[PDB]
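As structure tokens, the structure follows; a few thoughts come after it.
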Amino acid sequence: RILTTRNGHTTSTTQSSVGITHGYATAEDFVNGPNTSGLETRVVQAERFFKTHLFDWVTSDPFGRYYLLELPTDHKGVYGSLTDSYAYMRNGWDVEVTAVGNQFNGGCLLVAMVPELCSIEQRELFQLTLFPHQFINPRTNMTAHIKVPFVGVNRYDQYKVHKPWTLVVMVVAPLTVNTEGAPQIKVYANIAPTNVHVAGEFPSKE
Amino acid sequence: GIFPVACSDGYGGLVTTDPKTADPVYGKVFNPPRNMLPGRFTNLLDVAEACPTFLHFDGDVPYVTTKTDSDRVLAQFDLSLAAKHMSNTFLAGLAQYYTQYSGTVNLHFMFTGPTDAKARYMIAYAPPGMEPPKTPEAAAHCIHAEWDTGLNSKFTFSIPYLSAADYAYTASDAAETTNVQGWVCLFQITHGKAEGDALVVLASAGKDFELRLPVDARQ
Amino acid sequence: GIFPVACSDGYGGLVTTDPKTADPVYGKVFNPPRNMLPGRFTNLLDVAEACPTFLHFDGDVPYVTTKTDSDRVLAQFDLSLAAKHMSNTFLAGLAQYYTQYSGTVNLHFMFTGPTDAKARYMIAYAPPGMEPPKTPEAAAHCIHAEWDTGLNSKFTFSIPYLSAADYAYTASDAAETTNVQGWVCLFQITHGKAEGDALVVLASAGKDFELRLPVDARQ
Amino acid sequence: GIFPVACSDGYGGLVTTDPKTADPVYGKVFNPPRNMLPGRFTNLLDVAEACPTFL
Amino acid sequence: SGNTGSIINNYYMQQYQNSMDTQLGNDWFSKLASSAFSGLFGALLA
Amino acid sequence: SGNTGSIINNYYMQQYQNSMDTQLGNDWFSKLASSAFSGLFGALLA
Amino acid sequence: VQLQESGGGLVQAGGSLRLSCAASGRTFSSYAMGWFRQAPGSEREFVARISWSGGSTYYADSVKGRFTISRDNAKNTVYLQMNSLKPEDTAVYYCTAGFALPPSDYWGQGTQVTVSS
Amino acid sequence: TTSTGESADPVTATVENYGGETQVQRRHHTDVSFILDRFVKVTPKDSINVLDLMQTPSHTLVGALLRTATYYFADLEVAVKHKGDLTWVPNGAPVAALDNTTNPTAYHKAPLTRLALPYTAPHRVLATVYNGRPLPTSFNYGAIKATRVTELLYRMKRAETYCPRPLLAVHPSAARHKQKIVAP
Amino acid sequence: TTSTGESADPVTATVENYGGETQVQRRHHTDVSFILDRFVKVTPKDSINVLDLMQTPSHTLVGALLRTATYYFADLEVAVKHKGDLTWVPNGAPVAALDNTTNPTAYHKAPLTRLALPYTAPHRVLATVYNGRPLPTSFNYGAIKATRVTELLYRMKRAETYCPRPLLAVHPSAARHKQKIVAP
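Residue numbers (the entry's author numbering), protein chains in the order written: chain B, 13 to 218; chain C, 1 to 219; chain C', 1 to 219; chain C'', 1 to 55; chain D, 15 to 39, 65 to 85; chain D', 15 to 39, 65 to 85; chain E, 5 to 86, 86A to 86C, 90 to 121; chain A, 1 to 132, 157 to 208; chain A', 1 to 132, 157 to 208. A prime marks a further copy of an entry chain.
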């Protein structure tokens, strides 16, 4: 089960993979709206991966351990500069999460892209599967991969005051080493924007 | 003259759910075009079929761990949408707003253990009228399925809708001592080296699951 | 019998804006023929597109005079129809009776100076989210235009409608510290011998300017 | 204007046997299929003709 | 033409509900606004 | 579409009774639930 | 971004006061600065203005020539020097920041000034 | 887009200049006949009230938008809350006529009474501003009388406007006009 | 029926596996537009009430089913019992507007007053949860004012929902949730 994902000039390869999960739609909605007067433009060079650490998943974590990551995040590449040079943006997210133990570890993780995530209740986590997701079961896959479009009450959003998507990673079953597995598993994420569009150049600082 | 008419008694009183429209006050507004936004759902069951959710077990965890002892009953609970186990699911989320349901309720099982551990499980349906089975050998006479761990980590089992009346109440009446819809029982046949390994379970509507008669129960 | 009917509750109360007609009392009158009188307008926006009006500046004059100093900012103001500068225009006259608008707002510039004086100007749009530019070099990165004096005395610049939501409020909410629609900035690049010479400015609706949801705000 | 009408006296009072229907409150329910159950009678005389009884 | 929501014909004749117009023998401003010049007056570059 | 019991046309124009939609340029979840796999993944016996 | 007035007090006619306003939270040298005054029972009226460069000013007619506005971008503050005070000038004096020809938004709490006669 | 400003010919530049694209407009809400058709309150007088559109306050939505046209035409709908019998009289009829039930008279029926009235003036089209402060007595739809009138409303029908005039907004003291907007 | 659970692809097994037969379904009662169209009570405030769908209690049938979708659209019908004259105002209009009879105003007619209101918000579709506890002031249908309002109801029309969210039931202490069911 080999899968190669290419965004821009960057790639990723996974020999143990369950496939891709397309959230809420297969393709972006209409980009050119009445609200921008057609002054929007697509930024090609901004679409590419970037890597970030999430947490360390250890046996002590019980069920319910969760990690919020809000998107977009602080980004020092081209995608970060755009947020400072343009007052209106939109984009979809192609998200990939990687937790590598060996196949003798046990427990399971649930990763999900949750739009508009504010203070989810503890009981509400049992229904968390409603959002796009994949399970990371060290018995099988080391990788979870999710693609979701841009959602919001506006056609273009201002990422300073609003973060539409929140990556959340929850522990459905606690880790077990069973003496043959990795003592702990570190969780990383490899994320790329998609279909970025911008409008409304700011002035500069000078 | 003019067209005569009869104003009838007992008609015209306002009804909160009535099927008729208000008189428009303020006209000629246009909406901002919303066409083809992502992630639309027109029916609250479709989101229940396409997005399974976790159950609830002792210790408040959505999974049950393998056990080594003479006791092979892994988990056992009523079949109802008012059960404590179902309480956190989305499926049992809609139920509280409807009185009656019919159709199949699917359960999803995913084995989380390491690649060197193997187990074999049994799910079974105990219809009402008799105490549910306490041993897999006793349950083997019911409707049941059996699966084990391997390359595929997930198993899906459809719990039939089997009842005298074509529909069944969602809520559980206080005067009901024993569940009317019977029980479902989950057993552990055996396990290779699986001690301390977790099995997460999920639940979602089936193909034929149908839910009717909306009601506001508070809750 | 006679055709029965049900008088419904919550219907029939008078509505000031309701869409229905009174019962005629007094009939058969003829109007004096008014056909093809001059100067008719059926829509209050068309008169806003075809008749630009003056803005308002310090000293209460509808023009801004060239300045010689290190300060090249000629005039700077919020983009809103509640602004003080726009307040005297006809365009901002209709706004107060509508909640929301969208589309382009055109600005007209006419250089009044003598034939021996020449200047060169820059208009620019500063979108919201960052402080507006204080220098033409800083503004040169925004959307902008640049023109100078000559045979033609007038320049016309279309300020785009650029926003997240398809419509924008006319009024300015008291809890809004910084303008939501951003600013427009007018600069003086340089001037030949133009000291003390006036530039009058005008404003009128664009092609796509649209205004909706009437409301009576007092005012 | 709007279509005028005359509310007539002596009409509209409720009648226990009246031939008209209530305004539906709560819609879109489906019955469990009952078709061809045994022993149906649509008229209370037919059961009087086909089932004599004692004096 | 104005704000009216009736999809059925008015119960009263057009002659009563309204005053009848007569003839003799957005009109101006829309015909004015439609003639607005959207072009560029000078040569375009790039 | 919703809960409405009138077999006769609404007295007021569609333009008043409701807000008029516009266009530009169960949908997702029913198209998702219709793709559910009902089959058996392995060989069947008996 | 918050402003704080100061330098208010009491005085008698012909006196003088120097009001002080400190700015916080963002660049002060990018903002125009101005003063408003609300005399009790009248609505609040405009006073004076200073551009970020300190170059350009504007004065209300009644205060024209009596008052002098000045800012210090180094000290992150702006000053209104009140001179030849007159019992009419009694009012609360609000310090205002802003972009527009009138400074408008970002108001301080204002200080009390009462000239007596 | 440069041109000669002194021409007064309308010149509308568009976003396509710097590379935008003009969008679609729906102007229904600014239509004259649409926006002016609705009720507006007028402070009545105890008994006799001459029907006049200039009595509407100038700051109201119907009052202001009316006064922006020199020459206006429309029918009239009134909504009155009164005691006794509301009697209406056509334009130019003597005041002594309001006491005759033969003239159109609406017997009291709670809560209020709505009428539809034709354009009764002799002039082909009325005017908001007249050059001759006062406006000629011939501008009116007639008068109404009742024992007492508690409320009075005007609703214009088939409105038509000519020769627009200034329309003013509120002049802010600060850089913007800040109002408290409805919020949850 | 075995498969890979990590796929998240929906897998629905059926009774035909062990020899059953799937029956026929009629889902009308769970239809979004059908189930959300009805009145739900909201505790009013004496004079000014901003029309907002989030004021409905979360446990009510209309309140709960609403909150399970991030992005919702619908018209609105209100049923109000009030004293005086009920005045309505469109979205984003100043609070000072509610005092003008020119704005839509329903004169008191017993027992109550029912209106139908369009979707007036600028945003293409509203939201139940917003990431920015508070929700932006621009989410509302406007406000209504009266001398006093005794009751207030909301009825959604043409409801449309997007991106579902958790829906929770009551968590029993015992093995079941036992309630007293209507019985003769």
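For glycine and all other residues, C-beta sits at the position ideal for the given N, C-alpha and C.
Ranking D:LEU83, D:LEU84, D:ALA85 and D:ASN17 by CA distance to the CA of C:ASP23 puts D:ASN17 first. In the DSSP secondary-structure assignment, C':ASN43 is bridged to A:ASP31. At the C-beta level, A':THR102 and A:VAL62 come within 7 Å of one another. The beta carbon of A':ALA170 does not come within 7 Å of any beta carbon belonging to chain A, so the residue lies off that interface. Only those residues of the region 168-197 of chain B whose C-beta falls short of 8 Å from the nearest C-beta of chain A would be listed, and there are none.
DSSP, reduced to helix, strand and coil, places C:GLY192 within a strand of the structure shown. Under the 7 Å criterion on CB atoms, A:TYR18 is classed as interfacial with respect to chain C'. Using beta-carbon distances, C'':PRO32 counts as an interface residue toward chain C, with a partner under 7 Å. If you look at B:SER97, you'll find it in the alpha helix (DSSP H) that goes 90-97.
Excluding five sequence positions before and after C:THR190, the CB atoms of its chain that fall closer than 8 Å to its own CB belong to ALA119 and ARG120, given in chain order. Judged by DSSP in its simplified three-state form, A':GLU77 adopts strand. Going by DSSP, A:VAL62 is part of the alpha helix (DSSP H) stretching over 61-67. At a C-beta separation below 8 Å, A':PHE39 has no neighbours in chain C'', since its nearest C-beta there lies roughly 11 Å away. By the Cβ criterion, the region 9-17 of chain A' is in contact with the region 140-158 of chain C, since at least three pairs of Cβ atoms, one from each stretch, lie closer than 8 Å.
By the Cβ neighbour-count rule, C:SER153 is buried, with 16 or more other Cβ atoms within 10 Å of its own.
Within chain C', not a single residue places a beta-carbon under 8 Å from that of A:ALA110; the smallest gap is close to 11 Å. Neighbours of A:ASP75 in chain D, taken as residues at a C-beta separation under 7 Å, are given in chain order as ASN32 and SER33.
Between C':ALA124 and B:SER216, the C-beta spacing is not below 7 Å.
For C'':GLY12, the chain C residues whose Cβ falls inside 7 Å of its Cβ are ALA6, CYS7, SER8 and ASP9, in order along the chain.
DSSP, read as helix, strand or coil, puts D:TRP67 in helix. Under the 7 Å criterion on CB atoms, C':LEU213 is classed as interfacial with respect to chain C.
Beta bridge pairing from DSSP links B:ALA111 with B:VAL199.
Taking C-beta atoms as the reference points, C:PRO38 and B:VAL163 count as a pair closer than 7 Å. No beta strand (DSSP E) of 3 residues or more sits fully in the region 15-59 of chain C'.
Annotation: Cβ neighbours of D':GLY39 in chain B (cutoff 7 Å, chain order): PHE42.
Using a Cβ-Cβ cut-off of 7 Å, A':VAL11 counts as an interface residue toward chain D', since at least one Cβ of chain D' sits closer than that to its own. In this structure, C'':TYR26 is the residue among C'':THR16, C'':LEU44 and C'':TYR26 with its C-alpha nearest to the C-alpha of A':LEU36.
B:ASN202 and B:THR33 have their C-alpha atoms roughly 15 Å apart. Of the residues assessed, C:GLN100 falls on the buried side of the cut-off, its CB having 16 or more other CB atoms within 10 angstroms.
The beta carbons of D':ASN32 and A':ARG182 sit about 7 Å from each other, so the pair counts as a contact at 8 Å. When 7 Å is used as the limit between beta carbons, C':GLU176 is near these residues of chain A: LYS202, in chain order. Annotation for A:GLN55: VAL42 place their beta carbon closer than 6 Å to its own, counting only its chain and skipping 5 residues before and after. Look at the region 65-92 of chain C': the residues with a C-beta under 7 Å from a C-beta of chain E are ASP69, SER70, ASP71, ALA75, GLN76, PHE77, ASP78 and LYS84.
Interface flag for A:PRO118 against chain D is set, since a Cβ pair is found closer than 7 Å. Among the CB atoms of chain C, one or more fall inside 7 Å of the CB of A':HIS195. In the pairwise beta carbon analysis, the region 195-210 of chain C' is classified as touching the region 15-31 of chain A: at least three pairs are separated by under 8 Å.
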